[PDB]
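Presented below is the structure to which this report refers.
Below, all heavy atoms of this structure are taken into account, side chains as well, without hydrogens, waters or symmetry copies. Residue numbers run from 1 in the order of the sequence given. One-based numbering, in listed order, for ligands and for the atoms of each.
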Amino acid sequence: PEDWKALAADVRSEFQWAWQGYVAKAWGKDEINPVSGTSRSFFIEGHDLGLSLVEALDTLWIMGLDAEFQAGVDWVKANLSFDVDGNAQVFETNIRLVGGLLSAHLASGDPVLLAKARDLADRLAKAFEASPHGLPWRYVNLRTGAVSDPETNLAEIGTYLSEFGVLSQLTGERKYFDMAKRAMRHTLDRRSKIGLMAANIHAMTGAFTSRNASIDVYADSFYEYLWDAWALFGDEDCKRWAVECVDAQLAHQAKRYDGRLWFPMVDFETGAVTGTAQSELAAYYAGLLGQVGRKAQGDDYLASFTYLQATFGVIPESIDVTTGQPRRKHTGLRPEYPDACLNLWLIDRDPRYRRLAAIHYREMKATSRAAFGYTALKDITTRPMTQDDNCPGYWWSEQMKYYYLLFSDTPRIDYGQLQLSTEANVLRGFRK
Ligand SMILES: O=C1N[C@@H]2[C@@H](O)[C@@H](O)[C@H](O)[C@@H](CO)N2C1=O
Ligand SMILES: [Ca+2]
Ligand SMILES: [Ca+2]
Ligand code: NA
């Protein structure tokens, strides 16, 4: 039988080794390219904001990598400024930087990390204020407030309430919670008679710009943040809306192909199937199904992705649901499978979820390890699988934390109170 504590130690060792590569090759920069041993920018070309450092902080603290955590916190306090004449994508900036500063604040108690999270949220608020509906524009200039691109989508208007609602709790100012909730209510009030929303929306007209309902591309984390706002804030509207939206998806989007459960895109009014693609991103939804009281359905959905892992090694970035085969050969070093394994495991503690996640971690080690860290893949169909040259910022917050939480039973987390954002930032449950 597997020694889960020895596996947790191995995860921690690999994470510390990756951190050392970041310090050596990419210190203060947004992402490491771990094959070349170089860095790249994420938000603003040539004006890095320490993205991967910020994304790593709560993971380092949970693992007891205290010297490394403090080195990162001290860098942020000396160096990280948002008074920058450049355009930032509102969605990415909130889930990665506001959320990463909040989880590091909650772990450490350090007021400067909260001050920086709040400064950044106030710059992002200008994107919501530029719409008469309160729907955020996709980009905002961090210094001047000027906005660009109102042709947005459910994920990019509806993935704010966890971070903004925690800011409201800590600061006492309800304006953040209210701004985030108003944008979600807009699209919920425009549900069709069958209970679905199209995934594409215009921030100035307030109207849908497509007819496609989705659980993945353009939409994923909207549905997650409805449940999460009930769990974090006790919001009764969000509890109702979470269950309503998922029951509409199970009635009109759930379809079986070759005996396996999938959720293709459909016309939001008629329910006709409008696409045959499913993203790897959709695997999050197996865990959301369990959280909202649909665990049998969640397990059935997880099984579709378990099939893909057993057949292809690495889950394909996109599949055709009619054949079960890849639509793309590259990957993004994606975290959604161990996300779902952790969320289902928190319900019943079944060791099956540990065995499935251990396969996923061992496959990551066999395919993505490079000279100075872990990289996304070029082609999952060759042997060996060929590599690209990038460690995405979300790797530092997500799958190494998921594996460690599944295997370590760490005393630094109250597992009964644990709450994670869509970027895996811990927003409740630290034990100091
Ligand atoms: O479209 C995306 N959705 C998810 C996000 O919810 C978050 O998990 C990561 O930024 C990242 C992990 O794959 N994601 C995306 O690129
Ligand atoms: Ca996510
Ligand atoms: Ca979640
Ligand atoms: Na983080």
Side-chain angles (χ1 to χ4, degrees), residues 15 18-19 22 49-63 65 68-69 72-73 76 80 91-108 113 116-117 154-156 158-163 166 215-232 238 242 246 279-292 294 298 301-302 332-347 391-402 404-405 413 418-430:
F15 196 70
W19 176 261
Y22 177 84
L49 293 171
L51 171 60
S52 291
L53 180 159
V54 173
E55 302 229 55
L57 297 176
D58 67 340
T59 311
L60 293 167
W61 188 94
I62 291 167
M63 290 177 177
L65 291 164
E68 293 85 354
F69 174 74
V73 166
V76 167
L80 189 55
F91 166 85
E92 298 293 353
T93 302
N94 179 65
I95 71 174
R96 299 173 184 251
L97 292 174
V98 177
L101 293 164
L102 288 173
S103 61
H105 171 70
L106 291 168
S108 64
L113 297 172
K116 290 187 182 298
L154 294 180
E156 297 187 54
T159 315
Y160 307 93
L161 187 50
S162 298
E163 300 78 10
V166 167
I215 69 155
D216 54 30
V217 179
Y218 300 122
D220 54 1
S221 47
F222 184 107
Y223 305 107
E224 184 182 8
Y225 276 22
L226 298 173
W227 181 263
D228 301 340
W230 164 244
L232 284 161
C238 290
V246 165
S279 181
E280 185 285 340
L281 294 175
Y284 84 97
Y285 189 78
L288 180 60
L289 283 166
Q291 290 179 295
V292 305
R294 305 290 176 269
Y301 199 41
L302 184 73
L333 183 45
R334 295 286 177 180
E336 289 76 17
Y337 185 86
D339 175 344
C341 289
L342 174 65
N343 280 93
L344 292 165
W345 180 88
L346 288 165
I347 302 173
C391 183
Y394 49 73
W395 180 88
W396 295 91
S397 196
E398 302 208 44
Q399 51 263 70
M400 301 294 276
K401 181 183 292 123
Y402 301 145
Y404 195 76
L405 289 173
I413 291 290
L418 178 61
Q419 286 288 313
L420 304 171
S421 83
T422 200
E423 194 75 5
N425 282 301
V426 175
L427 296 175
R428 194 174 71 198
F430 290 110

Note, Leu405 side chain near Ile62 side chain (heavy atom, < 4.5 Å):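 The answer is yes, as the side chains (C-beta and beyond) meet within the 4.5 Å cut-off.
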Decide yes or no for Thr59 and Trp19: does some side-chain heavy atom of the first lie under 4.5 Å from some side-chain heavy atom of the second? no
Pairwise distance OG(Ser397) to OH(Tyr402) - rounded to 0.5 angstrom: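 So the OG of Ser397 and the OH of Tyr402 are separated by 7.0 Å.
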Could you check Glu55, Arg334, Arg96 and say which one makes a side chain to side chain donor-acceptor pair (under 3.5 Å) with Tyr394?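 Considering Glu55, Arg334, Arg96, a side chain to side chain donor-acceptor pair (under 3.5 Å) with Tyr394 is found only for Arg334.
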With no hydrogens and no angle check, just 3.5 Å: does a side-chain donor-acceptor pair link [X] and [Y]?
{"X": "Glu68", "Y": "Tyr22", "value": "no"}
{"X": "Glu224", "Y": "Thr422", "value": "yes"}
{"X": "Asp216", "Y": "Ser279", "value": "no"}

Are the aromatic rings of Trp395 and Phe15 close, with centres under 6.0 Å apart? yes
Steps toward side chain to side chain contact (heavy atoms under 4.5 Å, CB included) verdict (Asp220, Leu154): CA-CA 8 Å; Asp220 54 1; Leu154 294 180; over 6 Å; no
Distances under 3.0 Å only: what protein N/O/S atoms are near the Ca ion (ligand 3), ordered by chain and residue?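 Only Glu224 OE2 fall inside 3.0 Å of the Ca ion (ligand 3).
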Which protein N, O or S atoms sit under 3.0 Å from the Na ion (ligand 4)? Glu55 O, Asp58 OD1, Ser397 OG, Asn425 OD1
